[PDB]
Ligand SMILES: CC1=NC(=N)C(C[n+]2c(/C(O)=C/COP(=O)([O-])O)sc(CCOP(=O)([O-])OP(=O)([O-])O)c2C)C=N1
Ligand SMILES: C/C(NCc1cnc(C)nc1N)=C(/S)CCOP(=O)([O-])OP(=O)([O-])O
Ligand SMILES: C/C(NCc1cnc(C)nc1N)=C(/S)CCOP(=O)([O-])OP(=O)([O-])O
Ligand SMILES: [K+]
Ligand SMILES: [K+]
Ligand SMILES: [K+]
Ligand SMILES: [K+]
Ligand SMILES: [Mg+2]
Ligand SMILES: [Mg+2]
Ligand SMILES: [Mg+2]
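Chains as they are written, first to last, in the authors' numbering: chain B, 11 to 562; chain A, 11 to 572; chain C, 11 to 561.
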């Protein structure tokens, strides 16, 4: 007879889930993962990889996705993936086994932790199964909470005995409709239209407005609408790390992404050039977790701000917008189009000096004795990505490190989520699972990953998963035998390094990749790198390129 | 001027701490780790490894140890190490950075999570620093809670601004005495002596008593006292996984360790042989977390039970002992020596058919077509360990998987904590950090690790750490391209496998180790394995050995797991 | 067929419980409270009263006691009594109903709150019943946690469907032995004997040591041992609010209790007189929650300190003893007796000028125009209590307010728990339920209560309960139409009053008492008060006396 395991998988399938990423433990006695046609288990080497792959797949598809761990340390390993989903915002259903219900004694029973208490603070919803037939409503409530802004993970703890139980389960009675939200449910304030009208009045008076676009605008399905608005009114579009590609590469209104590191990396007044003459900042789908902070746009002349979010402002200590529009982003844009229909095009401010500086970095022709420079690596990645991908396609993924901010400034993104990284959570090791999720979401598109040695090696074991699933991801590992960003922080705070806290010995990432069944090569200049990328891109198999780098 | 970072490291040093294991993030702006002489940072590739290394070092030394992570995902990664400490019982001080105090908005600020709320359920103590100078008393309170039975981790969250602040800090006034407990503080119930007297009366009357010894007895410093008692009264000693070695290898009262998997692995009524004629079970330092459950000794005739623990019974639903002695394990044995001084030695029961069956497995001379068998692997490890180690020295560490239970049955342990595994938490990937902790705790002794391909590869990146620290650990990876134990569970529950949930492709672990700077070789039979182990043991550098294995299990033989 | 309701009551009975204090809601459909012979329900008018009565009964008996509330607001009302138990230290088993298990949706289902999450932070143990038959082991684990130092409450949430279920319950198979601890379980540190030896060495060198005694010393059964030690070596005994009576009234070494307002109340340097020449402070059974803080004894010369407690020091930020002895209090004293066996008795420092002031103060013969003064009220209560009670018997209870300082400093206590108040939680309204608990614990002894109009009226409806149970409690309400202590706080912090935050209109507490079926009178001076107290003490029924006072 069908058990709660069957009813769980079947309800996930009802909500459109076709994959469950994870690592299975002794609960395999209760759940096989062949119970339901249409839903496949995806086995990873570590649970973090499973949680992050589900996060990224949910981000790109706009649909709830699922991950799985065993009791105790399975669940705690998965919780870094759950943390990724809560901070980076994605509708993930996270599932973990638990001790038999009558034997739940957290910190006393073997492998028994208080899973709900541990995960509740980092989730939208967290619950433990008590009566087997209720798993269907627990999945529904989990999905409901996951798909309400700000989107995030919902957790269900599954005692092994109840998971394997058929008590009260009757599969001859069909499930009620799932009614999965088409896009995230939003918070909406009374009088938001009047606030939007106030925003329109500010725009009317403004000389140099900008749209600062966050990922919430993408979730809302507002990219085309935002593009049509910006083009009609001649309003520049600036993005967070994660909203790169809301305008195509080369678009005249594509003013780029912001990172707090940009002035320092470029040795240039980048933030001033971007924001100094701006008098109106519309933060479209604003989220503080994306890490574009008010202090970053507060350059030069005094500015008015308009916040647009499907959430109430969680941070009035930090951000007090002149006008706060609490509503669905697309709803706002459509109302705003009507309000501003009679408006003509603004004159936009000049950022050519900044564009010139960025272009100069990307073109850097020097051959360095002590390894490549990251801007040269990314330029090479851009070139081959443009070659390999159809227009408006491809994904470049970045793990976490100093190099990541070069990715933010320099990496090509020709579509929404065309550049992927972790903005809210920023766990190192993020690259591999994100590339897995991205490649699975976009099976026919090229997927490049860039990762540093510190972050990459934290989670390198899932190279075998890439090989096993034959995901034709091309990986570039930029190696300096250091947690590099952290050495930068040591010098910022102390004016010196301390090697025991940051320095590694040598890892041969070419040999490492090959041990996992992934072909690899070392590249030490633009010529070797382009050659390696082009090879990887046409290989029909995963490929890894180790590149020695230095930071100056 | 010295900051809270200085005051924190200085207070850890006051408590005997000489190493902080971890991974540092942007809080490096507030803490360098050179502030205090005598305390060094030990950088790992993952925070899990840092937490487990501190746990194991704490277990072997009996002294509080320390680990470190950054905010958000640093702290969540560390949390698996914290769960290790809370379930396995070790006094670990876990420290993690947090967002600037004025900018703490969990799940809204970049990398900001509610660390205290996430860690509190899995720790003895969990706090966030609020006033820089108070870090000294927060460390003291952390150590206080960590060193009370049941021992476990204490957590301090450190907002980056406060960590790098000198506000209220004065290092010209010396710190008050640390007064670190030399052994864990324990719970003691009034009238425990009378309970111990009732236990003595039961022993007088018992025909075949046994001592079932757990790790808490070792922490109490009760190994010599327990051995003397057992030897005088001729009482057999049976152990949990990590209490192996409380009596030397070859001691006649060393009746071995219990695992629920033993009948199935041996294809033999092992638990029945061990327990059927026993009429009295004294669980000395009992802890349910170690996973030797009442149902495992409940074989054959009805037994009376005595529980001795420095804790109030947390599980009366499962274990209702006839006599409950809530006191320090050593205190009990010393009282019990007096109560039983005039007792005649007992006649111990026979377990020779079990001993013969175990010996038969270890000596298995067959050559299999599809890899070695794990019992042959452990036999080979035992031989070389005995050669490499001084008498009463050496450590064999086991990661998690089906092979771990072979370790429990078959692995040599000639001293307390001579066989190390994770009994309470059982996180796969445990092996590397535990071997790191063991080798550092026992710098002049051989340290062997056995791990399976599933668990080993979950946490294999820390091979580089072993290489970097030049810890001469000899690792054996038993490879069957599968999460083997989990395939067993599939078959127990469903009478068939499902490969997508358990099966891997090929990983070349010899090549993997070499990529990390660790010399390695492949061994496919006893001859090749002994040669590899002897090479590793004499190498003065880490060494890895990959061994192909297979299981072919009998799912019908594992009913004891119910 | 017997249900979880029967099994719950049976297990409480196994642990020696004979009363359940509470208010019953719709869970009455699942539990009647007549299932088990020997355990009776005591209905209160508010759940706070039920929790505090259980707290006080548990303190005096030394045995676990029990209270009951319904779901939602029943549980939140009970939580102030739970809070009383956790801070004041008493082994209480708190029980509350919950929504039907399948319908638990906190903050959505009618009356459904997340009771475990709400109560967990203020308890030793907190759990929700999930499988009916497990109630027995849940009760045992509740008692285990309640009876480990620091003793406190354990909470069990009881979904009403599971409470009325017989599933898996078989009362033909007798319960395993209860094994209720006879005194609290505590922790013991390795090397504590060596620590006690270091404490002995400090005592040998000390000119003027003192013993500061807390209630954990009483729970340990150490009162006779402490008295014998103090008498032999001539060491003064100072107590917390809660440990008054460890020495008899009149004993030469009975230096009494102290408060921060002692100097201001007496217009005398009382605290400096007590502590200035002291060179060694032994805090025997120390607990920060009793509110005798290190700052209290840190007067005059520098002092060495010895902490003795069956707990690890929770407050190293505040108290860093020179010697910390973590062990059972009785075990410590017995060891300390051996270590100090050959020591010569000490000289005591002169506190006679303080004793003379207190005696003069209490005898204050003036007849004031605008109501009595509180010292006169306490003095009168002391007189009639001495008359009414057998030697070493009687209880004086104090509610919370400015007047409570007078109870602490001056009220008669001729036995352990002879004077009761709330030192840890200090909820106003504490007086009535504490007097209920005291009188039930000591049915043949006089029980006097003093309460102010603010605190008394906050929980005055349980006068009806005192009447209904016919507990011959004598209540004195000191009335000044104000939350007086709070007006004092306004003046300390702001140098002025603000009446909207402190002042009341008139309440006739005599007519209030009589409306509840409690006879009452108004007393306006020593003569009228002494007469009212004597009448009440001999009435064989509850009596209430209103006294106009002024500060
Ligand atoms: C549930 C509850 N309990 C309370 N105690 C309070 C506040 N509150 C009081 C209190 O505790 C003050 C602090 O005392 P402490 O410094 O010793 O800690 S004392 C009081 C009425 C004092 O007035 P009274 O009873 O008429 O006596 P008196 O006028 O002060 O003598 C009130 C309101 C608020 N809620
Ligand atoms: C340790 C760390 N960050 C702190 C940290 C620690 N642990 C986790 C799980 N996540 C983070 N973000 C970084 S950014 C390492 C980056 O090193 P790298 O991947 O070699 O890149 P680079 O050297 O360019 O900075
Ligand atoms: C996945 C798993 N266990 C569940 C699990 C999941 N995730 C974690 C963090 N820990 C555990 N224990 C095991 S035992 C894998 C064992 O595979 P192996 O290391 O190759 O050993 P073997 O094949 O002998 O069973
Ligand atoms: K192309
Ligand atoms: K040897
Ligand atoms: K890992
Ligand atoms: K009398
Ligand atoms: Mg690097
Ligand atoms: Mg395997
Ligand atoms: Mg008043």
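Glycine residues also receive a C-beta, built at the ideal position from the N, C-alpha and C atoms.
**OP:** When you get a sec, list the residues whose CB is within less than 7 Å of any heavy atom of ligand 4, chain order please.
**Re:** 396(B), 397(B), 398(B), 399(B), 400(B), 401(B)
**OP:** Could you tell me if residue 221(C) is buried or exposed, where buried requires 16 or more neighbouring beta carbons within 10 angstroms of its beta carbon?
**Re:** Working through the third chain from its first residue, we reach residue 221(C) at position 211. That one is buried.
Subject >> Check: residue 289(B) C-beta below 6 Å from any heavy atom of ligand 2 >> reply: Stepping through the first chain from its first residue, residue 289(B) is reached at position 279. No.
Original post:
For the 8 Å Cβ check, are there 3 or more pairs between the segment 93–103 of chain C and the segment 69–79 of chain C?
Top reply: yes
Original post:
Just the Cα atoms here: how many angstroms apart are residue 79(B) and residue 85(B)?
Top reply: Here residue 79(B) is taken as the residue at index 69 of the first chain, counted from 1. Here residue 85(B) is taken as the residue at index 75 of the first chain, counted from 1. Cα to Cα, the separation comes out at about 6 Å.
Subject >> Bridge partners - residue 248(A), DSSP secondary structure assignment >> reply: On the second chain, residue 248(A) is found 238 positions in, with the first residue counted as 1. Residue 248(A) pairs with 222(A).
**OP:** Report whether the distance from the Cβ of residue 563(B) to the nearest heavy atom of ligand 8 is below 6 Å.
**Re:** Outside the displayed span of chain B (11 to 562) sits residue 563(B), for which this structure offers no information.
Subject >> Assigned secondary structure, residue 471(B) (DSSP; H/G/I helix, E/B strand, else coil) >> reply: Translated into the one-based positions of the first chain, residue 471(B) becomes position 461. Note: residue 471(B) maps to helix in three-state DSSP.
**OP:** Using only alpha-carbon positions, find the residue among 319(B), 390(B), 182(B), 394(B) that is nearest to residue 534(B).
**Re:** Within the first chain, residue 534(B) is the residue found at index 524, counting from 1. Taking only the C-alpha atoms, the option nearest residue 534(B) is 390(B).
**OP:** Could you check which residue in 449(B), 495(B), 108(B) has the C-alpha nearest to that of residue 552(B)?
**Re:** By 1-based counting over the first chain, the position of residue 552(B) is 542. That would be 449(B), whose Cα lies nearest to the Cα of residue 552(B).
Original post:
Regarding residue 437(A) and ligand 3, is the C-beta to nearest heavy atom distance less than 6 Å?
Top reply: Here residue 437(A) corresponds to residue number 427 of the second chain, with the count starting at 1. Checking the Cβ of residue 437(A) against ligand 3 gives yes.
Original post:
Is residue 494(C) near ligand 10, with its Cβ less than 6 Å from a heavy atom?
Top reply: The residue labelled residue 494(C) in the question sits at position 484 within the third chain. Yes; taking the cut-off as 6 Å, the Cβ of residue 494(C) has a heavy atom of ligand 10 nearer than that.
Subject >> Euclidean distance between Cα positions of residue 193(B) and residue 157(B) >> reply: Counting from 1 along the first chain, the entry for residue 193(B) is found at position 183. Counting from 1 along the first chain, the entry for residue 157(B) is found at position 147. Rounded to the nearest angstrom, the two C-alpha atoms are 7 Å apart.
Subject >> Length at least 3, wholly inside the segment 57–115 of chain B: the beta strand (DSSP E) runs in chain order >> reply: 75–79, 102–108
Subject >> Per-residue contacts from residue 204(A) into chain C (C-beta, under 9 Å) >> reply: Position 194 of the second chain holds residue 204(A). In chain order: nothing, as chain C lies at least about 11 Å away.
**OP:** Return yes when the C-beta of residue 490(A) is under 6 Å from any heavy atom of ligand 9, and no when it is not.
**Re:** By 1-based counting over the second chain, the position of residue 490(A) is 480. Yes; taking the cut-off as 6 Å, the Cβ of residue 490(A) has a heavy atom of ligand 9 nearer than that.
**OP:** Please decide whether residue 260(B) counts as near chain A, where near means a Cβ-Cβ distance under 7 Å.
**Re:** Within the first chain, the letter at position 250 stands for residue 260(B). By this cut-off, residue 260(B) is not an interface position.
Original post:
Are the beta-carbon atoms belonging to residue 557(C) and residue 382(C) less than 7 Å from one another?
Top reply: Stepping through the third chain from its first residue, residue 557(C) is reached at position 547. Stepping through the third chain from its first residue, residue 382(C) is reached at position 372. For residue 557(C) and residue 382(C), yes; Cβs fall inside 7 Å.
Original post:
Enumerated in chain order, which unbroken segments of the beta strand (DSSP E) with a length of 3 residues or greater are wholly contained in the segment 244–295 of chain B?
Top reply: 247–249, 264–267, 290–294
Original post:
Within the 7 Å Cβ cut-off, does residue 158(A) reach chain C?
Top reply: Here residue 158(A) refers to the residue found at position 148 when the second chain is read from its first residue. True, the Cβ-Cβ gap to chain C drops below 7 Å.
Original post:
Of the residues 530(B), 529(B), 544(B), which one's Cα is nearest the Cα of residue 536(B)?
Top reply: In the first chain, the residue the question calls residue 536(B) occupies position 526. The option with the nearest alpha carbon to residue 536(B) is 544(B).
**OP:** Specify, as a first and last residue, the run of the alpha helix (DSSP H) that residue 232(C) falls within.
**Re:** On the third chain, position 222 is the one that residue 232(C) refers to. That residue, residue 232(C), is in no alpha helix (DSSP H); it is neither H nor E in DSSP.
Original post:
Terminal residues of the continuous alpha helix (DSSP H) containing residue 538(C)?
Top reply: Within the third chain, numbered from 1, the residue matching residue 538(C) stands at position 528. Residues 536–547.
Original post:
Between the segment 127–147 of chain B and chain C, which residues of the former have a C-beta closer than 8 Å to a C-beta of the latter?
Top reply: 140, 141, 144
Original post:
Can you list the residues of chain C that residue 112(B) reaches, using a CB-CB cut of under 9 Å?
Top reply: For this step, residue 112(B) is matched to residue 102 along the first chain. What residue 112(B) touches in chain C: 140, 141, 144.
Original post:
Is any heavy atom in ligand 2 found nearer than 6 Å to the beta carbon of residue 413(B)?
Top reply: Against the first chain, residue 413(B) aligns to sequence position 403. Yes.
Subject >> Residue from 447(C), 435(C), 408(C), 442(C) whose Cα sits closest to the Cα of residue 422(C) >> reply: For the purposes of this step, residue 422(C) is taken as residue 412 along the third chain, with counting starting at 1. Considering only alpha carbons, the answer is 408(C).
Original post:
For residue 432(A), which beta-bridge partners are listed by DSSP?
Top reply: Taking the second chain and counting its residues from 1, one reaches residue 432(A) at position 422. Bridge partners of residue 432(A): none, in fact.
Subject >> Check: residue 261(A) C-beta below 6 Å from any heavy atom of ligand 6 >> reply: Taking the first residue of the second chain as position 1, residue 261(A) is located at position 251. Not so, every heavy atom of ligand 6 lies at least 6 Å from the Cβ.
Original post:
Would the beta-carbon of residue 442(B) fall within 7 Å of that of residue 469(B)?
Top reply: Stepping through the first chain from its first residue, residue 442(B) is reached at position 432. Stepping through the first chain from its first residue, residue 469(B) is reached at position 459. It is a contact, given that the beta carbons lie within the stated cut-off.
Original post:
Under a CB-based cut-off of 7 Å, is residue 217(A) close to chain C?
Top reply: Along the second chain, one-based indexing puts residue 217(A) at 207. Not an interface residue.
Subject >> Own chain partners of residue 228(C) with C-beta closer than 6 Å, once the 5 adjacent residues on each side are dropped >> reply: Within the third chain, numbered from 1, the residue matching residue 228(C) stands at position 218. For residue 228(C), where only same-chain residues beyond five positions count, the Cβ hits under 6 Å are 426.
**OP:** Would you mind sorting residue 75(B) into buried or exposed? The rule is 16 or more other CB atoms within 10 Å of its CB.
**Re:** Here residue 75(B) refers to the residue found at position 65 of the first chain. Per the 10 Å Cβ criterion, buried.
**OP:** Give a yes or no on whether the minimum CB-CB distance between residue 49(B) and chain A is below 7 Å.
**Re:** Residue numbering aside, residue 49(B) sits at position 39 when the first chain is read from its first letter. With 7 Å as the cut-off, residue 49(B) does not count as an interface residue toward chain A.
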